[PDB]
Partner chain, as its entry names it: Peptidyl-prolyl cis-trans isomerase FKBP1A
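Just one chain follows, in the form solved without its partner chain, and it is written as structure tokens.
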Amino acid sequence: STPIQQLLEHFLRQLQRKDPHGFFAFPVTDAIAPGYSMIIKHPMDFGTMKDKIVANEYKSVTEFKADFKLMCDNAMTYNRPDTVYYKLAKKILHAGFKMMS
């Protein structure tokens, strides 16, 4: 594990603690979210982020932050502001960026 892998594994653990239900743990499917893949061009989830760390696909903290923001932005695009997914996406986006300083 490279230094960047160890730091991103730390950040991901801290970010997932903010999603105790694991709403963001796995990819959203069109089966449970009608039209999701037609509205969201670039899906992201914490599970895919873990796999990218393990594969050493993140070469900067900026790239990891961009995937976290994408995951949150996707939830705030597909879902209405009154929904659990939208409200948690917004909360963890701000708290996560603050946490990662």
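Positions refer to the first chain, counted from 1.
Beyond the structure shown, there is the form solved in complex with its partner chain, which is absent from this document and is the topic of what follows.
*Asks:* Going by a heavy atom distance of 4.5 Å, is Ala66 a contact of its partner chain in the deposited complex?
*Replies:* Outside the cut-off, so no.
*Asks:* Heavy atom to heavy atom, is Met76 within 4.5 Å of its partner chain in the deposited complex?
*Replies:* Although its partner chain is absent here, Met76 would touch it in the deposited complex, with heavy atoms inside 4.5 Å.
*Asks:* Of 3-31, which residues get within 4.5 Å of its partner chain in the deposited complex if you count heavy atoms?
*Replies:* If the 4.5 Å heavy-atom criterion is applied to its partner chain in the deposited complex, 3-31 yields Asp30, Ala31.
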